[PDB]
Amino acid sequence: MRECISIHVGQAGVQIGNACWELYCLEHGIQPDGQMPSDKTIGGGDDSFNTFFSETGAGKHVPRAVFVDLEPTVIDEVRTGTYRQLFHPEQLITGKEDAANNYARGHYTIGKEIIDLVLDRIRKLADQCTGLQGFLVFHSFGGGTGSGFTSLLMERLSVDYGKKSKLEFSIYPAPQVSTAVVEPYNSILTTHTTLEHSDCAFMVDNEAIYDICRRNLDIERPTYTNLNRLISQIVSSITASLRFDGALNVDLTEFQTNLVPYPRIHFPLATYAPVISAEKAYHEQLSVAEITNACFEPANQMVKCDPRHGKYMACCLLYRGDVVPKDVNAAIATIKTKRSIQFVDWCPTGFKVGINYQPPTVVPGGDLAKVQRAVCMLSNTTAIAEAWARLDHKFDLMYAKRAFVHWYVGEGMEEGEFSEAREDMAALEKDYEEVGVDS
Amino acid sequence: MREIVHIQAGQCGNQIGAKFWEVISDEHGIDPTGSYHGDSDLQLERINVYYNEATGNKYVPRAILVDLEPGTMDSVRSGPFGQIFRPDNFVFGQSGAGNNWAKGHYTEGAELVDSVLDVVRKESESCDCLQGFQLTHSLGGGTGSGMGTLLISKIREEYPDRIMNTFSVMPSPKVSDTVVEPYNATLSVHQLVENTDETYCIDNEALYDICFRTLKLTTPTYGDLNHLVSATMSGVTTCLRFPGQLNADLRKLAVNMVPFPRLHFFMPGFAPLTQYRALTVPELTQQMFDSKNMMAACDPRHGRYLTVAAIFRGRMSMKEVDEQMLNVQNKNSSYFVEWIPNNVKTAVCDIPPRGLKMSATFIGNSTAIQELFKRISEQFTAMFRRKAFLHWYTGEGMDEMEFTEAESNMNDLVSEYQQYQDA
Amino acid sequence: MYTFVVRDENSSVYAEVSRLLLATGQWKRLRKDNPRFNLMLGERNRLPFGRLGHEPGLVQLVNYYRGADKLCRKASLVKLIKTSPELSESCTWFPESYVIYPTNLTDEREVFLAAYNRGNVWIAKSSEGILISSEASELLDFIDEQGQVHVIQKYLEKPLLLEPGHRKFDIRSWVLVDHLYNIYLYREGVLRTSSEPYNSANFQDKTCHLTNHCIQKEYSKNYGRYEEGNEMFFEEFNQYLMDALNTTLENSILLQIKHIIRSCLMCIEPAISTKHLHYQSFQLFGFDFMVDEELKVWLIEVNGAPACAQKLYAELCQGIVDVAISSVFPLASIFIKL
Amino acid sequence: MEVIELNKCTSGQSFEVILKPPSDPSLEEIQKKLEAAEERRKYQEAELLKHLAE
Ligand SMILES: Nc1nc2c(ncn2[C@@H]2O[C@H](COP(=O)(O)OP(=O)(O)OP(=O)(O)O)[C@@H](O)[C@H]2O)c(=O)[nH]1
Ligand SMILES: Nc1ncnc2c1ncn2[C@@H]1O[C@H](COP(=O)(O)OP(=O)(O)CP(=O)(O)O)[C@@H](O)[C@H]1O
Ligand SMILES: Nc1nc2c(ncn2[C@@H]2O[C@H](COP(=O)(O)OP(=O)(O)O)[C@@H](O)[C@H]2O)c(=O)[nH]1
Ligand SMILES: [Ca+2]
Ligand SMILES: [Mg+2]
Ligand SMILES: [Mg+2]
Ligand SMILES: [Mg+2]
């Protein structure tokens, strides 16, 4: 058994983290007070769920997690929330005033003052681990803390834990739910600084989640609560292999091995199906073929883009529920003859498949109906570069006029960092183009 | 708890500031005694931003009242909510400033300023985490304009890393007290360009026009004008006073609204302009963008929006709000600068203002605001070219060169707006 | 009130479309960089498809299908037909073609020589720059002094010749594919004819062999003797077929043309369809056909950014507005649906 | 289309199907960057206080 430590940074990271651990407890039969009657070994153990949960002598199952935010209001909700007994005060870190949607404020000004505190709290979790394998880091691109402090934290983690893998779950900015005009600045700055310190990053575009909630859950105006419970289901599908008995993606290093052939190109596209409204009284359960077919539809992707006009480097299928290998292969065979699936020449055209018999767990009173089977596809496709192109274009529009730049320089950041960050993104787009397109 | 410290200076400053506290005390369920008698807990969740808690669960405005003469502040203390202010926070002299920026800034104000800063320091020390300051004042008089900007400079010296915000009332010949108002306003704008992060430009010309043309008030009084201002102030501070995601604090608002340091002068708007018929969301949205609902007497169509913040209050479809806000942008995209993507942000608060089912408040950083400054500059030059009325200022030790510098800087500001209007 | 942007100033077709939109009073033209558009008249090269469909509150439409270039590039068209099982290696309406890369640089240089040894007049062309030879020796020596890729297909030695004049021709058909992937064939096509007699013994001359309007008004006189600007329309051509061959244009030719159009576009549909996509697209295509002595129709190429005949500009562009644009953005048939 | 590495347990199964074969900054350096930014903030604030002193 090898432990994983989750780190939740800023409002988005914390609120998503709260939704994930809520779901984790429901999936593992852990009560809000920490007790888990299924676990017969009291005070310890090396089961698969122990990768995410430690144990006390009283029988409390405690999340291997740290929550960090530069203002206290969001984390204070965790301290008094339903699962307040789950976490102990040392795990929840709050500052006084936030980064004001300013990367430089989060990275340099406030980051410098709190980075040592956060690392020592992480050390305390790491000291409990017999064989720590790495970290899962949750944060937004657009927030000052999410962008700025995360990139600093990721740098220091590479220093203090050189052999440890680091995975990201990153919230990509969408103006429909965005809170800052400068989020493109923050996104490019944090991607530039974090790029060499992250082994595998799962980007989630708020635009995609927003539209899935409207389209499939019939929610007229999705809130963060609606968005986070859906994101939580996808995150759960991705991390399920670490928390349950299995033979695929059983360790963090395997994510890189299976999904990331080239280091810089470490942003897999996630696609999830099915998403069905709980308010829908009459519903017909979808088959293996149908939910697998839905994995190649842009409307179900965590980032809107067109994989038909890109190339695949790797593809992983993660099933939950009533699924057998026979039906998966029959589904894939049909899809290959009816859809455009181009792999790069230096990679085998194939799928790694994982099946967990336990169907998806849904929060009671949530928006998601319980289904007999679901699937999350993780595919490393060059089509996700469309998201970088969009972001870089918005960056270019503002930076050409140096709009808002003085806020960053005022926090001690050099104007050159804008250029260096943008040049790095230009190279990243070029890398995708070289791998993906022809002539 | 991120506290704001409120300061009101001079006649205009204290009269509009008093009305502001009356309005938001009512919104937060605070009676004119400090006692809370509301029904919703949304009223108290962010009450500490503007109020301190005293003995017996009393709420006291974090407000400092300043003037160089006792008259207006005597009237405030005799007012309806007059007893709610902290007695020690009344700081006043006896001499007056005679509508003279120099008296407020250099002589009479200089004698009083340290005692104001003592009170400012006392309030700041009580704060768990001070955001910054908001000042209400006029630019056309002596105390609010001269001593008000003196105060801003001194505060910035002691609290250089805090946000400075002002509600600044711009003078107009239509509603004028003295001929030297353009002098006092030009000297003040110079100060504001350098030492504030956010300034709401409240034009008395616009206020008068709204009362007369739209509200059909035959003979508008300052009281009628202040009704519009207190309503505007309530609306633009809604995001600060209630739970929300967008512009929830002074610094996040500034980062969203101010792309260039000197261009931080906002045109505020409000709808509906105040019978029993509630306004639909399309009506709120259309009216809040209408020039007739603007408080700066500038035509938005004569310029472009760099950034816009819109706040909707009341029970309404958040979906319909989004659609209408997108509708405005998509059908008038020429008036929004292209080089700042998604530059219009919208917030919705469930608590509506008193007497209204639904309300909308508009905050725009528009290049059309240059019309306001050009108006002042012309009135300034008309007198200054003949050195008219200058002896009032040179008598207080000021030199003509200081007037030339203020004029040049405001003309520079106008030029900078024009640059980004064409960009 | 709908809005649109223009990013291809050199398009005669969509310049006229731009006119009609403005003439309705319900369309406004924005700056080319303004992201808040409903309709994009895109550029021919490197159209930013990735930036489309991400503007909240806006239904966005573009006048190009992403991926359609596979039909509209000569090297790509050959590869598409031979690779796609829907079109198969044994395609009857497409001339035997081979993709040949220059040696100075998936190549079929060897395969071409095999069939050649087995009339052997072939034609060399790329995406003026055409060599028509009956000897494969000088065909291959032509592509190594250019640089880019080329294709070698059988030069149809027995074309249908119009009389009087004994002259070669080609048929241009305009095809509009809307956002629902309905295939619309414009009822009016054009005959780009040669004004010189066809000589099967003079391939040195590149005039009576190339029916290009570029090489009929230039480097070629007479011109406009038989028909105005070497362009014959379907009314006259159909009358000619009835008088000379006792058949109709619909029966002898158009039936095959419609079949070929359908086959090509249905083949790439799953690759380019915007049915469940966050932005919608349509596109106008120019299909070029060749007819032999036995009234068999051959596909020559497909043009992704075609111009139109001067006479037919008004009707077609209006048809584009009604079918492709107004269908998505309604205001306050000249096409044959395939 | 062949299936390889089929592993089975009580909680589920995993396998691989192939359709076609193929054809850091030092700790000291971090602190230097942070201290450099701090000194720039200090210089900017020093210039402000100088300006206000004038
Ligand atoms: N999906 C999702 N997105 C969120 C959530 N909270 C914030 N965001 C997004 O994250 C961006 C704002 O960043 P935040 O995470 O709120 O900022 P922060 O990291 O707390 O940093 P500062 O507040 O600036 O110190 C915007 O794009 C929001 O749409 C959430 O709970 N769920
Ligand atoms: N296999 C073949 N047999 C007979 N003639 C042929 C041929 N291939 C090409 N041609 C002739 O060559 C001419 C030009 O061919 P091609 O289509 O390659 O040029 P082009 O692409 O410039 C025409 P456009 O671009 O205007 O549609 C055609 O008019 C046709 O008559
Ligand atoms: N809107 C409004 N404007 C005022 C009020 N009182 C004064 N003014 C304006 O403020 C300017 C006079 O400044 P005032 O505040 O009286 O001088 P001070 O006491 O020296 O600051 C003139 O432009 C007046 O039109 C008021 O109550 N409301
Ligand atoms: Ca145990
Ligand atoms: Mg935050
Ligand atoms: Mg007065
Ligand atoms: Mg061509």
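We place every Cβ from the backbone using ideal geometry, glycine too, and count neighbours over all the protein chains shown. The numbers here are math on the coordinates, done by the rules we state, and not lab data.
Data overview
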| quantity | calculated |
| --- | --- |
| Positive-pole candidate from A:317, A:419, A:249, dipole of the protein assembly as shown, charges at beta carbon | A:317 |
| Average other protein chain Cβ within 10 Å of Cβ, residues C:30-37 | 4 |
| Estimated distance in nm for a label pair at residue C:158 and residue D:50, the labels positioned 7 Å out from Cα along Cα-to-Cβ | 9.4 |
| Normalised convex hull volume, chain B, alpha-carbon set, Å³ per residue | 133 |
| Space enclosed by the convex hull of the alpha-carbon atoms of region B:260-368, per residue, Å³ | 104 |
| Ranked B:333, A:170, C:11, criterion: other C-beta atoms within 10 Å, fewest first | B:333, C:11, A:170 |
| Residue order, fewest to most surrounding Cβ atoms within 10 angstrom, among B:301, B:386, C:172, C:109 | B:386, B:301, C:109, C:172 |
| Compactness of region B:369-423, expressed as Rg and Dmax over alpha-carbon positions, Å | 13.3, 44 |
| Extreme residue, positive dipole direction of the protein assembly as shown, given options A:178, A:193, B:259 (C-beta unit charges) | A:178 |
| Within the protein assembly as shown, helix-based [θ] at 222 nm, where runs of 4 or more DSSP H residues each add -39,500 (n - 2.57), nearest 500 | -11000 deg cm²/dmol |
| Two-decimal Rg/Rh across region A:1-135, once Rg and the Kirkwood Rh are taken from alpha-carbon atoms | 0.99 |
| Check: chain C dipole with +1 on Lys, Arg Cβ and -1 on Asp, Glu Cβ, in debye | 1340 |
| Taking the convex hull of Cα positions in region C:257-338, its mean projected area over all directions (nm²) | 7.5 |
| Within straight-line cross-link reach of residue B:319, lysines at Cα separation under 16 Å, skipping those fewer than 8 residues along the same chain | B:345 |
| Mean projected area (nm²) of the alpha-carbon convex hull when region B:1-56 is viewed from all directions | 4.3 |
| Per-residue mean of C-beta atoms belonging to partner chains within 10 Å, peptide A:303-310 | 4 |
| Approximate shape of region A:1-268 as ellipsoid semi-axes (Cα gyration tensor, √5λ), whole Å, largest first | 27, 21, 20 |
| Which of B:383, B:410 has the fewest Cβ neighbours within 10 Å, and the rest in rising order | B:383, B:410 |
| Low-density loop cleavage sites - trypsin sites (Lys or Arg not before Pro) in region B:216-252, where at most 10 other Cβ are within 10 Å (DSSP) | B:216 |
| Exercise: per-residue mean of other protein chain Cβ atoms within 10 Å, B:252-259 | 6 |
| Cross-link reach list, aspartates and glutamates versus residue A:40, counting only Cα pairs under 16 Å and skipping chain neighbours closer than eight places | A:55 |
| Peptides B:152-158, A:284-290, A:195-201, A:9-15 ordered by average Cβ neighbours within 10 Å, highest first | A:9-15, A:195-201, B:152-158, A:284-290 |
| For residue A:203, residues with placed amide H under 5 Å, excluding near neighbours | A:170 |
| Loop-resident sites, region C:41-89, for trypsin sites (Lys or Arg not before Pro), counting at most 16 other Cβ within 10 Å (DSSP) | C:44, C:46 |
| Evaluated at q = 0.06, 0.09, 0.13, 0.15 Å⁻¹: base-10 log I(q)/I(0), Debye formula over Cα of chain C | -0.24, -0.53, -1.07, -1.34 |
| For chain A, the longest site-free run once trypsin sites (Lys or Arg not before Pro) in DSSP loop states with at most 10 other Cβ atoms within 10 Å are removed | A:164-439 |
| Assigned charges on the beta-carbon of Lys, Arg, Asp, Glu; the protein assembly as shown dipole about Cα centre (debye) | 2360 |
| Dipole in debye (nearest 20) - region B:260-368, about Cα centre, beta carbon charges: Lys, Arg +1; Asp, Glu -1 | 220 |
| 10 Å binning of all Cα-Cα separations within the protein assembly as shown, expressed as whole percents from 0 upward | 2, 8, 15, 18, 17, 14, 11, 8, 5, 2, 1, 0 |
| Residue A:113 versus residue C:315: modelled label distance in nm, points set 7 Å from Cα along the beta carbon direction | 7.6 |
| Linear extension gain, residue B:77 paired with residue B:216, 0.36 nm per residue minus alpha-carbon span | 46.9 nm |
| Cβ crowding within 10 Å averaged over residues, with C:184-194, B:169-179 ranked highest first | C:184-194, B:169-179 |
| Charge context of residue B:192, other residues only, Cβ under 11 angstrom, K/R +1, D/E -1 | -2 |
